[PDB]
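Asker: Experimental structure below, sequence on top.
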Amino acid sequence: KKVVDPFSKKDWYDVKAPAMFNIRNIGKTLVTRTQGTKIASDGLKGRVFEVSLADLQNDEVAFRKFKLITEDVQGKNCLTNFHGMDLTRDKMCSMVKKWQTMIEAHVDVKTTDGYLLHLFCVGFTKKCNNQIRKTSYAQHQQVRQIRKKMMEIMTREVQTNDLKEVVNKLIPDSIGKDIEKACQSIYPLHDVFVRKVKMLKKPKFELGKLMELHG
Amino acid sequence: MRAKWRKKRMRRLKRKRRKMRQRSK
Amino acid sequence: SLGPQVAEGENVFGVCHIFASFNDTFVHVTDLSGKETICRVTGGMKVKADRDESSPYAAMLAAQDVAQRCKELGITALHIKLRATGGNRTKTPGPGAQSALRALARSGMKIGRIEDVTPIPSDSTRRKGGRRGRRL
Amino acid sequence: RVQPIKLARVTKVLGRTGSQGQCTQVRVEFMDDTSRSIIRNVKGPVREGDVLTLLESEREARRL
Amino acid sequence: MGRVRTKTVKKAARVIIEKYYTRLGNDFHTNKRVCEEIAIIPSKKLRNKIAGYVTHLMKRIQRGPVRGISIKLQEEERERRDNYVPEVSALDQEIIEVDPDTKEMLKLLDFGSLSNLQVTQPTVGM
Amino acid sequence: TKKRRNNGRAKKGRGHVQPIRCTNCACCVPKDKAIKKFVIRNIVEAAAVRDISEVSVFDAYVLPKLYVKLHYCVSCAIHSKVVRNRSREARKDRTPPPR
Amino acid sequence: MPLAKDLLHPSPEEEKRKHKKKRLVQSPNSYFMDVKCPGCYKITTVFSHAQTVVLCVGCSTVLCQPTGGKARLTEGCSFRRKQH
RNA sequence: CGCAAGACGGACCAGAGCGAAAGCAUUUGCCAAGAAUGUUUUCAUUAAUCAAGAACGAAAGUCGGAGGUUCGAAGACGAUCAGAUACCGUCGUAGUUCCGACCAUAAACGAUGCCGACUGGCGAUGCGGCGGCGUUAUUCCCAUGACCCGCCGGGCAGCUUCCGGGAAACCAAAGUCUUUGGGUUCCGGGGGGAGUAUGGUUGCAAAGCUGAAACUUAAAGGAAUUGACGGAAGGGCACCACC
């Protein structure tokens, strides 16, 4: 392409979030307006947006990022749905430090809806307030007992819920707080998070369920 | 590395001497 | 030109990708999904000798050239993503990194959040240069 | 494209720089906004309270 | 430039002040006349340098001690911090508390009967 | 004659220890011979912070840190002045420099 | 140790501190005790470093559990040592 | 934005752990093995060190199958230079990965055989056991986990001292030696010629093991001291140095 001012041929569209988030407008995006065998909506669909939770929800922390996908276009609006979540680079780099044990786990699970998800969890040992020793290491069997409890709690919450109730748990991250309560009888833990979620497979398109998440 | 190279020089001379003598009879 | 038809009291955001290494620096601004390019300018477009392409000055001149084209197309604020080369290599940003960021601020763009984006392996293929390293 | 001339006042001298000690290193305060101060390198003899003429304000330099 | 004073100047000035403190003062032109009659100095230019450092030392001695110099006026008030102070008319009195393991140590030594008591913390402070 | 009691390495009670490749020259050396440096800095310099805080869209934001861990061989650590040579009795001091 | 401490008369606090094989004459740290439980009350004898899961004459499911050191009693009414 | 293939397990990671040594770091399961500790269990001298003989043994290399992402001997080119068959750059064969046979070497190092006894002090650290006032978690106590204060085995190490030793550097062993003897295996005899010639033996090959003499020579070597010197580092100086 060597077009004279191709920005003369572009239409701006709006981008709209799912109805859970307290702030529902994402921003604006470009596409080339329709021509023979190349429609505008086919260029707008399947695009990914990555947004800080503090721009979706009013009172929240900035260090969780959510991924959203476009599914259909209505008038000048692009309508979006959930695709995953992650932690910012500078958060994870600040937690990993010397003289501690780091514990990690992962699971594959389905909702009551047809979605197949994969989840990752992390936790770190706690220095006790009287401790005069320099290091806070767990023994190998204590680490194995904690990892089974991470997987046990993390599978329980997804199997009996839909994607609506799953995202409502991830916004405050009640999953990581329940693991942090349960493990204190084995070894005290000080940072605990569901640090990443990936989607592996999903059901048919279902316009009625899409609009139930938007009305 | 002069000693390692003097060792290599002797090995190639011995390989020549091997092939030269064992041809004779 | 044509940005969004709203033009008072609120911002229109883009994403700026800054890739700063030794040898060169890129300034590249995109749509909020990353799929459509708005403009791209580099250190080697501004200077006329290869030594200077990674310099603080060339990076300042590239950032001023990008910020004028943003306002001309109706964008008012930027999110920033910063890269060093990554992989097997050094993963510290090159010398032109600091100059591009202040130059798009001083030329009137509003600043959103900023992120480090360099690619890191959990473990990697064998690095170039042999067992004895590059020797000088 | 073009940018205007700026005038700035010397507030402190910091030391001498270059291969033969040729350039003084100095802190200057802009005369259109008393809050804005930067560091520069100067070729001649310099004294506290001198005024410099800057052909670009946006460039700043450390130890050459 | 360099205005540092050599040991010939600094030693002669100290020995003058040890012997003639009662003659000296802050006026350089009077010190310059005193130093000419209490000592034999070979040069006018050396006499001026000695009276100069003597004038500097008098202005220091008016504030506190100088470690290389001594005078009766400063020694007799040191001798008044020596001997006994005006601070108190009696000792700090022997009515002081005792810990349970010191009470037990005194019990085995056939003593006690004049001290109050209390216990420390439940576990060693961290 | 022997120069150091530890042979210039941390290895005691072990046979083999894995190598690493240096951040300057990609030479190959043991993980416990390599000289360590962990650097934590702001993304924005102490001169530039004021110019970037005033153009910010937010009423409150805190600029992020950059984290990098570096590894050197003896030749790079000496040439880049990370370490200096020391007096025969001063070589015994294991405490890091003052702040 | 000073230059002149006599070796024939260690105090009982010097002797109780050291290892069983390194005392002046050898002696074990283990002991025999008599043990009693609720529901059936026939008293029985146990060794403090037992390896067996002991069952009482009262036929209860466990009197004590074995362990890497001393065995642990199931909250029984006695841990009393026999004197000799 | 999405797909495919082969290699690798960062940060946490330490004078920390395990193994006869070579060596050993994503998750979960299965198979056989092991040190230390606890013990008022059992046999009752069954032990220590070893010609002959035997198992394991980094990387590179050889033979027969499969795979081939990254890196890269030989090789083709661009630079640098008096030349540059090199150091620096672009490309790339064998190899680098897996399976089945060979090979037996290394600064294979603590440059320091194994077993047993005795001779100073101090603070930490990993494992098992013993005792104790509090704080914290689960259920409401009890028991048990994370922390805190001591003691005992045996482990990788550290600091200190006129134990004592040594040519010294240094060493709690490299000590208990002319005041010379606890047991036992291998092995050195001034520097070169030389790990060479010749015979034997093992191997597909490369090569491994065993191994001389004629002749030649006044020193070769170890630890430490004072200078001089460095394309080593840190302070300071000079118009016979520079701006």
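Answerer: Yes, it's here. Numbering: from 1, shown residues only, chains lettered A, B, ... in the order given.

Asker: Only C-alpha atoms from now on, for both contacts and neighbour counts.
Answerer: OK.

Asker: For burial, what's the neighbour tally of the residue in chain B that chain F sits nearest to?
Answerer: Proximity to chain F, evaluated over chain B using C-alpha to the nearest C-alpha, is greatest for residue B:1 at 20.1 Å. A count of neighbours around residue B:1, defined by other C-alpha atoms under 10 Å in any protein chain shown, yields 5.

Asker: same deal with residue A:125?
Answerer: Neighbour count for residue A:125, taken as other C-alpha under 10 Å: 21.

Asker: which residue packs closest to it, ignoring adjacent ones?
Answerer: Sequence neighbours aside, residue A:189 is the residue nearest to residue A:125 in space, at 4.5 Å (criterion: C-alpha to C-alpha, 6 or more residues apart in numbering or on different chains).

Asker: Verify the stated contact: that neighbour with residue A:179.
Answerer: No. Using C-alpha atoms under 8 Å, residue A:189 is not in contact with residue A:179; the gap is 9.2 Å.

Asker: residue ranges for the helices of the chain, please.
Answerer: Went with chain A since none was named. In chain A, the helices defined using DSSP state H lie at A:40-44, A:53-56, A:89-95, A:140-159, A:163-170, A:174-182, A:207-212.

Asker: could you do chain F instead?
Answerer: Ranges of helices in chain F, per DSSP H, are F:49-54, F:74-79.

Asker: circling back to that earlier point, I'd like to know which of the helices of chain A lies nearest to residue C:22.
Answerer: When the helices of chain A are compared by C-alpha to C-alpha, helix A:89-95 sits nearest residue C:22, at 22.8 Å.

Asker: related to what we said a few turns ago, any idea which of the helices of chain A is most buried?
Answerer: Most buried of these, by mean neighbour count (mean count of other C-alpha atoms under 10 Å in any protein chain shown): helix A:53-56, with a mean of 19.

Asker: Tell me which other helices or strands that one touches.
Answerer: Judged by 3 or more C-alpha pairs under 8 Å, 6 or more residues apart in numbering or on different chains; DSSP states H and E, helix A:53-56 is in contact with strand A:64-74.

Asker: Count residues in the vicinity of residue 3, would you?
Answerer: By default, I'm working from chain A. For residue A:3, the neighbour count with other C-alpha under 10 Å is 7.

Asker: if you could check chain B rather than the one you did, that'd help
Answerer: For residue B:3, using other C-alpha under 10 Å, the count is 8.

Asker: so how far is the helix or strand encompassing it from its chain's centroid?
Answerer: Secondary structure assignment for residue B:3, by DSSP states H and E: helix B:2-22. Relative to the mean C-alpha coordinate of its chain, helix B:2-22 is positioned 2 Å out (C-alpha atoms, centre = their mean, to the nearest Å).

Asker: List, one by one, the residues from chain C near RNA strand H.
Answerer: With C-alpha under 7 Å from any atom of the strand as the criterion, chain C comes near RNA strand H at residues C:120-130, C:133-136.

Asker: show me the biggest strand of chain A in terms of residues.
Answerer: For chain A, the strand with the greatest residue count under DSSP state E is strand A:189-201.

Asker: Can you tell me what sits against that one?
Answerer: Strand A:189-201 is contacted from outside by A:83-87, A:95, A:115-126, A:173, A:175-177, A:179-180, A:183, using C-alpha atoms under 8 Å, 6 or more residues apart in numbering or on different chains.

Asker: And for stretch C:128-136?
Answerer: By C-alpha under 8 Å, 6+ apart, stretch C:128-136 touches F:25-28.

Asker: Check stretch A:18-30 too.
Answerer: Contacts to stretch A:18-30, defined as C-alpha under 8 Å, 6+ apart, come from residues A:10-17, A:55-58, A:80-82, A:168, A:213-215, C:4, C:12-13, C:31-33, C:36.

Asker: Just the buried residues of those residues.
Answerer: A:10-17, A:55-57, A:80-82, A:214, C:4, C:12-13, C:31-33 (16 or more other C-alpha atoms under 10 Å in any protein chain shown).

Asker: The contacts of stretch C:128-136 into TSV, with extra columns for neighbour count and distance to chain E?
Answerer: Output for the contacts of stretch C:128-136, formatted as TSV (neighbours: other C-alpha atoms under 10 Å in any protein chain shown; distance: C-alpha to the nearest C-alpha, whole Å):
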residue	neighbour count	distance to chain E
F:25	18	47
F:26	22	47
F:27	20	47
F:28	17	45
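
Asker: Just the ones of these in strands?
Answerer: Counting by DSSP E, the part of the contacts of stretch C:128-136 found in strands is residue F:28.

Asker: if we look at chain C, which of the contacts of stretch C:128-136 are close to it?
Answerer: Near chain C, judged by C-alpha under 8 Å from any C-alpha of the partner chain, the entries from the contacts of stretch C:128-136 are F:25-28.

Asker: Flag every residue of chain A that's near chain F.
Answerer: A:90, A:93.

Asker: picking that back up, could I get the helices of chain A as a markdown table with distance to RNA strand H?
Answerer: Output for the helices of chain A, formatted as a markdown table (distance: least, C-alpha to the nearest atom of the strand, whole Å):
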| stretch | distance to RNA strand H |
| --- | --- |
| helix A:40-44 | 11 |
| helix A:53-56 | 18 |
| helix A:89-95 | 7 |
| helix A:140-159 | 5 |
| helix A:163-170 | 18 |
| helix A:174-182 | 7 |
| helix A:207-212 | 19 |
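
Asker: With respect to residue C:69, which of those helices lies nearest?
Answerer: helix A:40-44 (23.8 Å).

Asker: Run the chain-centre distance for the closest one.
Answerer: Here helix A:40-44 is found 25 Å from its chain centre; the criterion is C-alpha atoms, centre = their mean.

Asker: which residues sit against that helix?
Answerer: Helix A:40-44 is contacted from outside by A:31-34, A:70, A:72-73, A:78, using C-alpha under 8 Å, 6+ apart.

Asker: Please repeat the previous calculation with a cut-off of 7 Å.
Answerer: A:31-34, A:73 (C-alpha atoms under 7 Å, 6 or more residues apart in numbering or on different chains).

Asker: Excluding residues flanking it in the chain, which one is nearest the residue nearest the centre of chain E?
Answerer: The centroid of chain E falls nearest to residue E:65 when counting by C-alpha atoms, centre = their mean (6.0 Å). Once flanking residues are discounted, residue E:65 sits nearest to residue E:74: 7.9 Å by C-alpha to C-alpha, 6+ apart.

Asker: what does residue E:95 give?
Answerer: residue E:115 (6.5 Å).

Asker: Confirm for me that that neighbour is in contact with residue E:99.
Answerer: No. Between residue E:115 and residue E:99 there is no contact under C-alpha atoms under 7 Å: 9.5 Å.

Asker: and stretch E:100-114, which residues are buried?
Answerer: Of the residues in stretch E:100-114, residue E:103 count as buried by neighbour count, 16+ other C-alpha under 10 Å.

Asker: CA atoms only for that stretch, dumped as CSV, please.
Answerer: The C-alpha coordinates for stretch E:100-114 follow below in CSV (Å, rounded to 0.1, in the frame of the first residue of the first chain):
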residue,chain,number,x,y,z
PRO,E,100,14.8,-13.1,93.0
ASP,E,101,18.1,-14.8,92.0
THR,E,102,20.1,-12.1,93.8
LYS,E,103,17.8,-12.6,96.8
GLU,E,104,18.7,-16.4,96.7
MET,E,105,22.5,-15.5,96.3
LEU,E,106,22.3,-13.2,99.4
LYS,E,107,20.2,-15.9,101.3
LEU,E,108,23.2,-18.4,100.9
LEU,E,109,25.5,-15.6,102.1
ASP,E,110,23.4,-15.1,105.3
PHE,E,111,22.1,-11.6,104.3
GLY,E,112,19.1,-9.5,103.0
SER,E,113,16.1,-7.9,104.8
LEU,E,114,16.4,-4.3,103.4
